[PDB]
Amino acid sequence: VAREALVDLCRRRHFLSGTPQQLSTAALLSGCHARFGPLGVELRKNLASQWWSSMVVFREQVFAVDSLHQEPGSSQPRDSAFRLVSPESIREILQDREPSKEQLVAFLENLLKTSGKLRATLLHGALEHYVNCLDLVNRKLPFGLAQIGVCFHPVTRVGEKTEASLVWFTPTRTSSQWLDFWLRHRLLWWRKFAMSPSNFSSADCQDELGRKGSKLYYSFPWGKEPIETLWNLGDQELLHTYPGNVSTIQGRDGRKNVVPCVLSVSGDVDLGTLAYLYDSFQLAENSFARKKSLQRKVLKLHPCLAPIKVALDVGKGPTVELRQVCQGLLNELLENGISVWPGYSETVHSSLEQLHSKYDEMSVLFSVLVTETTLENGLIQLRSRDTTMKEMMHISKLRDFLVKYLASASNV
Amino acid sequence: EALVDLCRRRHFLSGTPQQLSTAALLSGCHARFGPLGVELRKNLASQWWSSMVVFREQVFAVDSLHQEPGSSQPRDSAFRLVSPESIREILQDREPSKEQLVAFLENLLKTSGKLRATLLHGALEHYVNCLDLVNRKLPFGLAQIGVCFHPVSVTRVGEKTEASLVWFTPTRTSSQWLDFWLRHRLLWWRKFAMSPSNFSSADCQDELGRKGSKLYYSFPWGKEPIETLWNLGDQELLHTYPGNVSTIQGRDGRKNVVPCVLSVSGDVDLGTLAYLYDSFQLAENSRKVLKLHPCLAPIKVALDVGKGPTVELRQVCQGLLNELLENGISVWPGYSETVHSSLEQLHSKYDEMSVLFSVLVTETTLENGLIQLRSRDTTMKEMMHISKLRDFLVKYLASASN
DNA sequence: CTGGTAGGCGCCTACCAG
DNA sequence: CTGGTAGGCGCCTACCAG
């Protein structure tokens, strides 16, 4: 019943898109449909950008990599990744000749042995770029290779998940210590944006070979779901990627030449976005909503994640002139990186109560009203998310206010 | 060509010598970019997003899958996605007859999903949803950046980063908008170019005579199309939403109309190759240099230490590096390199890496704070205090923004 | 095509409770 | 004062006869 309130709210406000059946929890978790509407896409982009700054920009010796969405096909009897086949090759064998049974078998066999397949993870792309980046860092360990990109997971249908991956190359001597560093770093990162950071947790695990790792979970209403995995792979995968002379893959550990240990850190950005939507869902606490049996709702997304930083509307006064003021203010805000909802450009009028209820459901951080008073003395009306506040401030100060507000929320 | 060699040595491009040929770079069959090229492409993409969705009126981001539903259309070359287990079953479960194999392949062509070749279908399938968002107010736009898959002349698969804007506008303002976007896109490509004349446009028409245009960059071997703009009309919009036309009508002022569909799509990957070529120039006075535009250059500033105590000198750089990162200024931490090259070797390397500013901290800085600043384009050593470096860099970037 | 009928959108003014 | 709203008006557009 409360799940039906949140998914419905996200659908109504375009955090999510889809039919009612595509919006069930099973469908959302499968990744078989494009889950996000325009506000959800912006939320996921904000989340991705936060991952990149904390995992790449502010980290030492972490470099970006790009790799293809498809990889050379294998002949392993249990490789279940979907294969890419040209329709024109199928049309040739069907329509251009009268194929025998043997030729159709031979065609289908060659499909299995040779055709490309969709990547399941981003790890292979990091391993394949390792020697190139080794030259960049003058062979010095440790360093990392980071990528955000879609991966494919069978579910007769194929789901798509946005994965954020860091592959960390370190001497075995320090691999366990680096694994603990990244685990704490990732757990702190998830928690910093949460209303209820206790709903993010970890649990140690071992893989089929006994290699050590840990997984990160978010406590959804139906149970815990893994959102991140960290593995200490050792140097197994690296030697298989580069068979032959080990001198080509040896890095510098101080003055020691060593084949590095490989740590793999991989998080699900799509599921993470779902988590923050659930985590942000609250009953409204402001006096207008609370003194009402309607039980208004608010999404309290963290300011760094909220897709819409500020909404702009007009109050009483000459509409064309007021819209002109809003337009100049919007352009100033956009130029300084502040996303704006241009409510002023609407031609149907709604009450302030209706307007502020909608903006709370959209997680708008601040609502700004431009009125005939603004035309006289430049004062605008500022209301914070889920409050009854009407703070008067000069329109020339709004930009600096919001810039410092977001900076304050960013390094807290 | 020494340019691709330079981009490989400095890790703009990746790959073996064979996949660094012109035909291999244009095909997109390998991941072409090293770490510096990935950042350059990312800067290009952000600049696209800034000028196409952030500052544009009623342009919204759209999300769509890489997979699209399959159809028996005969003129569709897009790759199909096939379960390896279905193939094993038809081959291994029992002895298959010729007819069952034909039936298997036919059913494959008719029913299997396909990898997108363009971002257009994803924008069309989200049209009705976003129409509710804008309260049916036309015009509005749906925008996405994402990888698409193209058949390449065994047959391989090419991957290209496409930046797409699909513009819905009343069929009466179609040409006025198409012309606006064309000028806006050509100006966009030229803002960052050293030789803006090497970007150009040319008109084109499709199989059924629909108006459009293509943008080109003059590579040394000839022109290559980097962006296409199409006035599609409304055939795909009606085919995407078959049935009642009331559900897809937008509001042209007070008029309810079925919108015209414009498609604007540029090749981000070919775009970064274009700018690498455009930036390649000879160094002035006293070697090569890449003079990428300041908004595009991957490395804004490089930090190094001079003669003196290697201990406390590397300490000041980290305090400065973290300050620059906090204000969105990317930094090459040259002071951690233990090889210790000369300044000539260092500046020649930074020039090849397109580093905008080179900063040197020394014991003169330890006793005062006067760092040594060097510009990529105009190579000379200007002195300035360290507490004004960030502010100088942010204002220099803002100047180059517009 | 010209131009008459009628719906209703967008903006304004004024009045009222708090 | 502030915000909600009832009532008025100028004009665009959709239809249709002619």
Side-chain angles (χ1 to χ4, degrees), chain A residues 284-287 289-290 295-298 310-330 340-362 364-389 391-395 397-398, chain B residues 58 128 130-140 168-177 233-234 237-238 241 243-260:
Chain A
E285 288 171 354
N286 70 81
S287 180
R290 225 169 195 275
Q295 312 129 12
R296 256 76 176 275
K297 313 253 56 171
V298 55
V310 50
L312 292 188
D313 286 282
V314 297
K316 293 275 181 56
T319 57
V320 172
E321 193 166 349
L322 291 174
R323 286 200 184 112
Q324 284 180 10
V325 171
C326 288
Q327 189 62 49
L329 169 63
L330 168 141
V340 184
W341 177 261
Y344 64 90
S345 67
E346 217 144 352
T347 63
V348 184
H349 159 72
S350 66
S351 72
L352 282 181
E353 182 192 33
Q354 288 166 333
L355 207 53
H356 293 156
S357 299
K358 177 172 74 179
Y359 291 158
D360 287 351
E361 287 188 349
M362 292 159 53
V364 168
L365 303 184
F366 293 97
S367 151
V368 169
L369 195 67
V370 174
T371 72
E372 59 190 354
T373 301
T374 316
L375 300 182
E376 300 192 10
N377 56 34
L379 288 173
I380 52 103
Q381 179 177 336
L382 182 91
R383 170 207 190 254
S384 184
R385 179 172 63 191
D386 190 22
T387 63
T388 65
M389 301 206 58
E391 213 57 38
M392 301 312 297
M393 66 173 299
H394 196 280
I395 185 174
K397 302 295 183 59
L398 187 58
Chain B
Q58 299 279 100
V128 161
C130 185
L131 194 58
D132 169 70
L133 179 56
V134 302
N135 237 272
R136 296 191 165 271
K137 307 307 172 176
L138 290 185
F140 75 94
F168 304 92
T169 180
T171 180
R172 84 171 219 282
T173 55
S174 316
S175 314
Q176 300 86 315
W177 276 110
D234 47 53
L237 190 62
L238 296 174
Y241 298 101
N244 206 327
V245 301
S246 59
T247 47
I248 67 180
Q249 283 188 344
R251 277 182 49 101
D252 170 42
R254 281 183 177 85
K255 317 182 189 68
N256 284 42
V257 306
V258 177
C260 193

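The analysis underlying the following values was restricted to heavy atoms, covering all of them including side chains, and did not include hydrogens, waters or symmetry mates. Each chain gets a letter, A, B and so on, in the order its sequence line appears, and its residues count up from 1.
The phosphate of D:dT2 (OP1 or OP2) has no side-chain N or O of A:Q381 nearer than 4.0 angstrom.
Spacing between atom CD of A:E353 and atom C1' of D:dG3 amounts to 11 Å, rounded to whole angstrom units. Taking atom CE of A:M392 as the reference point, atom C1' of D:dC1 lies 12 Å away to the nearest angstrom. To the nearest angstrom, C1' of D:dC1 lies 14 Å from CG of A:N377. When rounded to the nearest whole Å, the span between CG of B:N256 and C1' of C:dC9 equals 11 Å. Between the CG atom of A:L355 and the P atom of D:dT5 there is a distance of 14 Å, rounded to whole Å.
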Please write out each protein N/O paired with an N/O of nucleotides 10-18 of chain C under 3.5 Å, distance rounded to 0.1 Å.
from: C:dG10; atom 1: OP1; to: A:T347; atom 2: OG1; distance (Å): 3.0
from: C:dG10; atom 1: OP1; to: B:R251; atom 2: NH2; distance (Å): 2.9
from: C:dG10; atom 1: OP2; to: A:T347; atom 2: OG1; distance (Å): 2.9
from: C:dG10; atom 1: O4'; to: B:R254; atom 2: NH2; distance (Å): 3.2
from: C:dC11; atom 1: OP1; to: A:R323; atom 2: NH1; distance (Å): 2.8
from: C:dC11; atom 1: OP2; to: A:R323; atom 2: NH2; distance (Å): 2.9
from: C:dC12; atom 1: OP1; to: A:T319; atom 2: N; distance (Å): 3.4
from: C:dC12; atom 1: OP2; to: A:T319; atom 2: N; distance (Å): 3.3
from: C:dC12; atom 1: OP2; to: A:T319; atom 2: OG1; distance (Å): 3.4

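Between the side chain of B:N244 and the backbone N or O of B:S246 there is at least one donor-acceptor pair closer than 3.5 Å. One N or O on the side chain of A:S351 and one on the backbone of A:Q354 form a donor-acceptor pair closer than 3.5 Å. Distance alone, capped at 3.5 Å, places no donor-acceptor pair between the A:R323 side chain and the A:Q327 backbone. The backbone N or O of A:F366 sits nowhere less than 3.5 Å from a side-chain atom of A:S384 that would complete a donor-acceptor pair. Counting only distance, with no hydrogens or angles, the side chain of A:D386 and the backbone of A:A284 share no donor-acceptor pair below 3.5 Å.
The salt bridge (charged side-chain N to carboxylate O under 4.0 Å, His left out) test applied to B:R172 returns B:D252, not counting sequence neighbours.
Two residues, A:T373 and A:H349, neighbour DNA chain D, and the one matched to the more 5' nucleotide by heavy-atom proximity is A:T373.
DNA chain D contains the following stems of three or more consecutive Watson-Crick or G-U pairs, with both distances under 3.5 Å: C:2-4 with D:15-17, C:6-18 with D:1-13.
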